[PDB]
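Novice: Dropping the structure in here first, questions after.
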Amino acid sequence: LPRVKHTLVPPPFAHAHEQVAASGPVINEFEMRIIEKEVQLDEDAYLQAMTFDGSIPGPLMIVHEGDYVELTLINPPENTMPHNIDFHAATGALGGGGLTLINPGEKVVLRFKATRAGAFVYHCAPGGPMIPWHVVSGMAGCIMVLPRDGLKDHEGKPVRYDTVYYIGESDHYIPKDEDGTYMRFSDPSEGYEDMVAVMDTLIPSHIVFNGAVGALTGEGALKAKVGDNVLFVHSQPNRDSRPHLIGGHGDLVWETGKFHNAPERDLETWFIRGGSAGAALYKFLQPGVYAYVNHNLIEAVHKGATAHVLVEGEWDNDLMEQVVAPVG
Amino acid sequence: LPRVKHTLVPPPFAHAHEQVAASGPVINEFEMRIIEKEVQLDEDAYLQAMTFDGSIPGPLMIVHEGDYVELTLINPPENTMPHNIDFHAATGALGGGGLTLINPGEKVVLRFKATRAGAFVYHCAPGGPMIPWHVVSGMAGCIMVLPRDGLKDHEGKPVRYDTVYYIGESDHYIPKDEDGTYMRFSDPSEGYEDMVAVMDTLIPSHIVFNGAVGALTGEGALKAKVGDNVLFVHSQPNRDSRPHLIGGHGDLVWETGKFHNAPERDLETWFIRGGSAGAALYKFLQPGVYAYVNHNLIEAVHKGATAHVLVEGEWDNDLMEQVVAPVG
Amino acid sequence: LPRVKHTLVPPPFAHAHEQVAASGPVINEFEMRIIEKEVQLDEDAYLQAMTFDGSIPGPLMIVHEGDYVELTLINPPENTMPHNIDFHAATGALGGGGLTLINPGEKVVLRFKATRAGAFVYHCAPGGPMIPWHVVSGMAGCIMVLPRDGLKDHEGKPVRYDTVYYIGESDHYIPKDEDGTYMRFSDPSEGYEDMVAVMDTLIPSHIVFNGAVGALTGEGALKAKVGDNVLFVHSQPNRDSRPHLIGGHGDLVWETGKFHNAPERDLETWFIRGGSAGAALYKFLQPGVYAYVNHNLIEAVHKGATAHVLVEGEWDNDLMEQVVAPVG
Ligand SMILES: [Cu+2]
Ligand SMILES: [Cu+2]
Ligand SMILES: [Cu+2]
Ligand SMILES: [Cu+2]
Ligand SMILES: [Cu+2]
Ligand SMILES: [Cu+2]
Ligand SMILES: [Mg+2]
Ligand SMILES: [Mg+2]
Ligand SMILES: [Mg+2]
Ligand SMILES: [Mg+2]
Ligand SMILES: [Mg+2]
Ligand SMILES: [Mg+2]
Ligand SMILES: [Mg+2]
Ligand SMILES: [Mg+2]
Ligand SMILES: [Mg+2]
């Protein structure tokens, strides 16, 4: 088969691809370097992170159903921990987890057949308590396996997006001093026991998009134009989420994220199960600011799960109009 | 278009309406007054509440798909906070949030087109941390946008309800003294910091139907007759719920709440995503008491999420019979 | 109608049955003894348990749609509490709860018609705060009501399983000393107040399959062969779960668990609503170890929600291959 080498792009963006496969099956070649580093989650909150390719989430991979995926995974010598990868897209050996365990200083190449269309989580899963710990330290991303003929709606009609944004949502469990301020450590291992204690409460200290509070707001805000069909691919490798586009809807939504299932329509809020990726298509109809949020609003605002979308275009009074301005 | 002025009715009831639109599109006129007040949630538990029209949830609005909605929203001078409204039913300006911010002493009129059929949350969302806070202080309701030709099942057959009940479920975060008793404040602002601390744990002190523990039990119990088709419209603006009619089922269920999607059938328990409204139709077959509950039973019983339904009619031994009474 | 007496088998196994009903409607006779006993959840963690037939979950019952179910329920004199049973499969009297309350020393026989196909929770529900308490002390199981003609897919095609495994997931709330170690009591009543306090946080101390941490790992691991179609019936009577077969998928999934609804396909992770049972069919394609987990990985690993499946057969390099072994 033809081989195709991809240059991955950081989230929320996506590497160059075509929705309708331009060729028959190919072998898709990707490479990622595991990067262990402390990352700033919020003003005075840091995580001893473990990442695929330096980002949280790991970068989005896009292939077509029936293609193969060959991932070269590298664990540089500066790292402290063994690591591996579990593709929920894959069949066998714990999603690849059982064939990809690498020590600092090693690399591995895994091939699998992308036999099933949909957005899928990939995540580290070295074994035992290392499994949740590596995930909640940021070690998860997404691979999107498109049907060879592109997306289809609930009636089998072809549908197309102008833009895909990959929204990786991640729950983190940063230990706190008695006064509520966050603790700092020299490395992930030093912080492990105190993190486990937070993990055991099941209460995230932070729940973020693109690896930090406000990553996708301000200068990081998503951009679109009236008329654009935007696919929002949303992963959550460990905990549930309930995405909502404030001022919009999900025109077509695969909340369980598998493209041969019929999508639901007109959703206000949908549901990403912890350990999965879903996808929602919306055509923007109005200009202005939108917020894309986890609609546990405490999770959205206090914990960090809020992105903004800035949309340019012409306002439509038929859809909405302020008939009487605030007055009194 | 014709204009129609509605008199809203408190939950769990619904204002006068027809399921199959009697006319072509109309402009529906509603008015609500924001009422800030301390409300009793339980025997020794009070909330500094912020309400639409004095109730938790805010009252149910019912219109048809393609109609317009013109809401006059009033923030009386006795109130302390600015407020607004986000209709998840609406397209643009943060659901109307960006066009409806009003100070105490002001009123505003918003128009929007109800372009999408389904039950939708409406909720206050003034901006930033005010957003979760106003919601968890009780500031949310529901608008139900019926298809012009009424409800249809999974096969496109017309279906009809005898009764709609609006069940508004709300999670609250009342601060506690060390001994577990609940704190009281002079106004919402005074209580804000202590409430944020509870909010951050993500653990509600109370989860209630119709604004208080036992609101829909005892004298508040819902009523029906064997043979009645009852639509249970269930909102939860901030947190997930898993509704269950004890002794019954969901005959037709739109758990994501959007009527053009095919409903599921025969459900024991369904799922309302935080930030959404769903709807379930059941035809009562047996008389007696039923409980309608969030089936996290701790949430149902300890937190307050239990309603009762008292059903009159004739018992059917073919469905169930006590063959041998307790004996020994 | 013919009467059929069943010998129940402990979970995760299932009593002898046929998927396509061999006869027209029958009356299915089951008997269960309530057993109150302290059970070991983990190395140094015990629960004052209340069980159907001595197991957590209670044993799986399997009947066909249109059959009757006659359960003889026995509360031996050594027990301390009244008990009853609520079949979510049943119509009327709080699922049978209102016809089955029995004191220690009593027995009762309930008949109901299994009018609806699907997997359903059954659980104790004596009344008031006894309801969540008996459930979280282990008092819940499942009845699976198969369509008379067996399972059908999203296109109405007959499908068949080789093996059903009943995975009962249960959240428990064991009180802790200040140092984080677990408390022991002489009986359930002695432990009640301290358990309520844990219940109120909504944070389980343990979340287990088949009644204990590691029940379904090690010697308890599930077994299958490449090619086997295994139905995983998954109940959670009180709290949500998000099941995942590591290294596999859900080929056909009824996450809300009602068989006349079309299943979704190719799922990575699905969702069991608290208070329900769902079911997922998978055909094993690769040999080796799999883990079946709640994909809140903290819940899976720290809390106990992990089962293993050991699969024998021939490896398929087309699906997955380690192209370059760890090297460096
Ligand atoms: Cu790792
Ligand atoms: Cu996984
Ligand atoms: Cu407000
Ligand atoms: Cu909203
Ligand atoms: Cu009991
Ligand atoms: Cu129940
Ligand atoms: Mg690179
Ligand atoms: Mg400090
Ligand atoms: Mg469209
Ligand atoms: Mg009025
Ligand atoms: Mg006090
Ligand atoms: Mg019917
Ligand atoms: Mg026996
Ligand atoms: Mg101790
Ligand atoms: Mg198949």
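All of this is worked out from the model, or read from it or from the source named; nothing here is a laboratory result. Positions of Cβ are generated from backbone atoms using ideal geometry, with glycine treated the same way; all protein chains shown enter the neighbour counts.
Novice: On the given criteria, is B:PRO158 farther than 20 Å from B:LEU47 by Cβ and assigned by CATH to the domain that holds B:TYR292? Spell out how you get there, then give the answer.
Specialist: Values: farther than 20 Å from B:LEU47 by Cβ: yes; assigned by CATH to the domain that holds B:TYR292: yes.
When the stated conditions are applied, B:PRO158 passes them.
Novice: Which of the residues belonging to the stretch B:238-256 are out of contact with any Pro (no Cβ under 8 Å at 6 or more places or on another chain) and within 11 Å of chain A (Cβ to nearest Cβ)?
Specialist: Result: B:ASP240, B:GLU255, B:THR256.
Novice: When you scan the stretch B:65-87, do you find a residue that is closer than 16 Å to B:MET32 by Cβ, among the hydrophobic types (A, V, I, L, M, F, W, C), part of a loop (DSSP other than H, G, I, E, B) and free of Cβ contacts under 8 Å to residues at least 60 places away in the same chain, even just one?
Specialist: For the stretch B:65-87, residues closer than 16 Å to B:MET32 by Cβ, among the hydrophobic types (A, V, I, L, M, F, W, C), part of a loop (DSSP other than H, G, I, E, B) and free of Cβ contacts under 8 Å to residues at least 60 places away in the same chain: present.
Novice: Only one of B:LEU99, B:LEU41 is more than 14 Å from chain A (Cβ to nearest Cβ) and over 28 Å from B:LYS152 (Cβ atoms). Can you tell me which? Don't jump to the end; show me each part of the working.
Specialist: Values: B:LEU99 fails: more than 14 Å from chain A (Cβ to nearest Cβ).
Only one candidate qualifies: B:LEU41.
Novice: Could you tell me whether the stretch A:211-224 includes any residue that is over 29 Å from C:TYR173 (Cα atoms), in contact with a helix residue (DSSP H, G or I) (Cβ under 8 Å, 6 or more places away or on another chain) and not hydrophobic (A, V, I, L, M, F, W, C)? It would help to see each step written out before you state the result.
Specialist: In the first step, residues of the stretch A:211-224 are kept if they are over 29 Å from C:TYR173 (Cα atoms); the result is A:211-224.
Add one more test, that the residue is in contact with a helix residue (DSSP H, G or I) (Cβ under 8 Å, 6 or more places away or on another chain), and what stays is A:214.
Then drop every residue that is not not hydrophobic (A, V, I, L, M, F, W, C), which leaves A:214.
Checking the stretch A:211-224: at least one residue is over 29 Å from C:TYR173 (Cα atoms), in contact with a helix residue (DSSP H, G or I) (Cβ under 8 Å, 6 or more places away or on another chain) and not hydrophobic (A, V, I, L, M, F, W, C).
Novice: Another question, if that's okay. If we scan the stretch C:133-155, do we find a residue that is in contact with a strand residue (DSSP E or B) (Cβ under 6 Å, 6 or more places away or on another chain), hydroxyl-bearing (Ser, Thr, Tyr) and closer than 21 Å to C:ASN28 by Cβ?
Specialist: Checked the stretch C:133-155: no residue is in contact with a strand residue (DSSP E or B) (Cβ under 6 Å, 6 or more places away or on another chain), hydroxyl-bearing (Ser, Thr, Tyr) and closer than 21 Å to C:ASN28 by Cβ.
Novice: Can you pull out every residue in the stretch A:137-184 that is touching a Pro at 6+ places or on another chain (Cβ under 8 Å) and aliphatic (A, V, I, L, M)?
Specialist: A:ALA140, A:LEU151, A:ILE167, A:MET183
Novice: Oh, and also: Examine the stretch A:264-274 for a residue that is over 19 Å from B:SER276 (Cβ atoms) and aromatic (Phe, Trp, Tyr), and state whether such a residue exists.
Specialist: Checked the stretch A:264-274: no residue is over 19 Å from B:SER276 (Cβ atoms) and aromatic (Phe, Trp, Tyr).
Novice: Being among the acidic types (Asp, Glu) and under 24 Å from B:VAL136 (Cα atoms): is that true of B:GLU255 here?
Specialist: Details: among the acidic types (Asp, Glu): yes; under 24 Å from B:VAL136 (Cα atoms): yes.
Judged against the criteria, B:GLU255 is a match.
Novice: Can you spot a residue in the stretch B:178-200 that is touching a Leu at 6+ places or on another chain (Cβ under 7 Å) and away from ligand 13 (no atom under 16 Å from the Cβ)? Can you show your working first?
Specialist: Of the stretch B:178-200, the ones touching a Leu at 6+ places or on another chain (Cβ under 7 Å) are none.
So far as the stretch B:178-200 goes, no, none of its residues is touching a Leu at 6+ places or on another chain (Cβ under 7 Å) and away from ligand 13 (no atom under 16 Å from the Cβ).
Novice: Inside the stretch B:257-288, can you point out the residues that are under 24 Å from B:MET320 (Cα atoms), touching a residue at least 60 places away in the same chain (Cβ under 8 Å), facing chain C (nearest Cβ under 10 Å) and among the hydrophobic types (A, V, I, L, M, F, W, C)? Write out each step before concluding.
Specialist: Filtering the stretch B:257-288 down to residues under 24 Å from B:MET320 (Cα atoms) leaves B:265-270, B:280-288.
This time we only want the ones that are touching a residue at least 60 places away in the same chain (Cβ under 8 Å), so: B:265, B:281, B:284, B:286-287.
Adding the requirement that they be facing chain C (nearest Cβ under 10 Å) leaves B:265, B:284, B:286-287.
Within the stretch B:257-288, just B:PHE284 meets the criteria.
Novice: From the list C:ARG265, C:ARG242, C:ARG273, which residue is within 16 Å of ligand 15 (Cβ to nearest atom), touching a strand residue (DSSP E or B) at 6+ places or on another chain (Cβ under 9 Å) and under 26 Å from B:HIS249 (Cα atoms)?
Specialist: Values: C:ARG242 fails: within 16 Å of ligand 15 (Cβ to nearest atom); C:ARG273 fails: within 16 Å of ligand 15 (Cβ to nearest atom).
So the residue among C:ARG265, C:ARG242, C:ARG273 that is within 16 Å of ligand 15 (Cβ to nearest atom), touching a strand residue (DSSP E or B) at 6+ places or on another chain (Cβ under 9 Å) and under 26 Å from B:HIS249 (Cα atoms) is C:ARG265.
Novice: For the structure I just gave you, tell me whether B:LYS152 is more than 16 Å from ligand 6 (Cβ to nearest atom) and either among the polar types (S, T, N, Q) or without any contact (Cβ under 8 Å) to a residue 40 or more places away in the chain (or both). Lay out the reasoning, then the answer.
Specialist: Numbers: more than 16 Å from ligand 6 (Cβ to nearest atom): yes; either among the polar types (S, T, N, Q) or without any contact (Cβ under 8 Å) to a residue 40 or more places away in the chain (or both): no.
When the stated conditions are applied, B:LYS152 does not pass them.
Novice: Still on this structure: Are any of the residues in the stretch B:307-328 hydrophobic (A, V, I, L, M, F, W, C), in a loop (DSSP other than H, G, I, E, B) and buried (at least 24 other Cβ atoms within 10 Å of the Cβ)? Reasoning before the result, please.
Specialist: Of the residues in the stretch B:307-328, the ones hydrophobic (A, V, I, L, M, F, W, C) are B:307, B:309-311, B:315, B:319-320, B:323-325, B:327.
Cutting the leftovers down to in a loop (DSSP other than H, G, I, E, B) gives us B:315, B:319.
Filter again for buried (at least 24 other Cβ atoms within 10 Å of the Cβ), leaving none.
No, that holds for no residue.
Novice: Still on this structure: How do the pairs read when you match residues in the stretch A:38-58 that are under 17 Å from A:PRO188 (Cα atoms) and touching a residue at least 12 places away in the same chain (Cβ under 8 Å) with residues anywhere that are basic (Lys, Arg) and not in a strand (DSSP E or B), using Cβ under 6 Å and keeping only pairs 6 or more apart or on different chains?
Specialist: Partner pairs satisfying both residue conditions: A:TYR46/A:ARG184.
Novice: Within the stretch B:295-304, which residues are within 11 Å of chain C (Cβ to nearest Cβ) and of a type in the set (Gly, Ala, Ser)?
Specialist: Kept after step one, since they are within 11 Å of chain C (Cβ to nearest Cβ), are these residues of the stretch B:295-304: B:295-303.
Residue satisfying the conditions is B:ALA300 alone.
Novice: Is it fair to say B:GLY248 is under 12 Å from the mean Cα position of the chain (by Cα) and part of a loop (DSSP other than H, G, I, E, B)?
Specialist: Numbers: under 12 Å from the mean Cα position of the chain (by Cα): no; part of a loop (DSSP other than H, G, I, E, B): yes.
The answer is no for B:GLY248.
Novice: Taking only the stretch A:203-248 into account, find how many residues are under 13 Å from A:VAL293 (Cβ atoms) and either without any contact (Cβ under 8 Å) to a residue 60 or more places away in the chain or aromatic (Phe, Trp, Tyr) (or both).
Specialist: Count: 7.
Novice: I'm trying to understand the selection: among the residues of the stretch C:102-133, which are part of a strand (DSSP E or B) and either more than 8 Å from chain B (Cβ to nearest Cβ) or under 12 Å from C:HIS83 (Cβ atoms) (or both)? Break it down into steps so the answer makes sense when it comes.
Specialist: In the first step, residues of the stretch C:102-133 are kept if they are part of a strand (DSSP E or B); the result is C:102, C:106-113, C:118-123.
Scanning the stretch C:102-133 gives C:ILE102, C:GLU106, C:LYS107, C:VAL108, C:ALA119, C:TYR122, C:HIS123.
Novice: Now a separate question. Out of all the residues in the stretch B:76-91, which are in contact with a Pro (Cβ under 8 Å, 6 or more places away or on another chain) and farther than 16 Å from B:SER137 by Cα? Reasoning before the result, please.
Specialist: Going residue by residue through the stretch B:76-91, those that are in contact with a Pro (Cβ under 8 Å, 6 or more places away or on another chain) are B:76-84.
Of everything in the stretch B:76-91, those that are in contact with a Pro (Cβ under 8 Å, 6 or more places away or on another chain) and farther than 16 Å from B:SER137 by Cα turn out to be B:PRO76, B:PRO77, B:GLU78.
Novice: While we're looking at this one, here's another question. Return yes or no: is A:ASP200 in contact (Cβ under 8 Å) with a residue 60 or more places away in the chain, of a type in the set (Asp, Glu) and within 30 Å of C:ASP171 (Cα to Cα)? Can you show your working first?
Specialist: On the way: in contact (Cβ under 8 Å) with a residue 60 or more places away in the chain: no; of a type in the set (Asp, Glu): yes; within 30 Å of C:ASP171 (Cα to Cα): yes.
No, not satisfied.
Novice: Right, something else. Using the structure shown, decide if C:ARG184 is among the basic types (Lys, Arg), more than 23 Å from the chain's Cα centre (by Cα) and farther than 21 Å from C:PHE52 by Cα. Quick ask: steps written out before the conclusion?
Specialist: Details: among the basic types (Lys, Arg): yes; more than 23 Å from the chain's Cα centre (by Cα): yes; farther than 21 Å from C:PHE52 by Cα: yes.
Yes: the conditions hold for C:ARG184.
Novice: Could you please tell me which pairs satisfy a Cβ distance under 6 Å, a separation of 6+ or placement on different chains, a first residue in the stretch B:88-100 that is free of Cβ contacts under 8 Å to residues at least 40 places away in the same chain, and a second residue that is of a type in the set (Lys, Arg)?
Specialist: Correct list of pairs: empty, since none qualify.
Residues are listed down the side, and each one gets a yes or a no for (1) within 16 Å of ligand 12 (Cβ to nearest atom); (2) more than 18 Å from the chain's Cα centre (by Cα); (3) surrounded by 17 or more Cβ atoms within 10 Å (Cβ to Cβ); (4) not polar (S, T, N, Q):
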residue: B:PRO2; (1), (2), (3), (4): no, yes, no, yes
residue: B:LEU8; (1), (2), (3), (4): no, no, yes, yes
residue: B:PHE13; (1), (2), (3), (4): no, no, no, yes
residue: B:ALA22; (1), (2), (3), (4): no, yes, no, yes
residue: B:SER55; (1), (2), (3), (4): no, no, yes, no
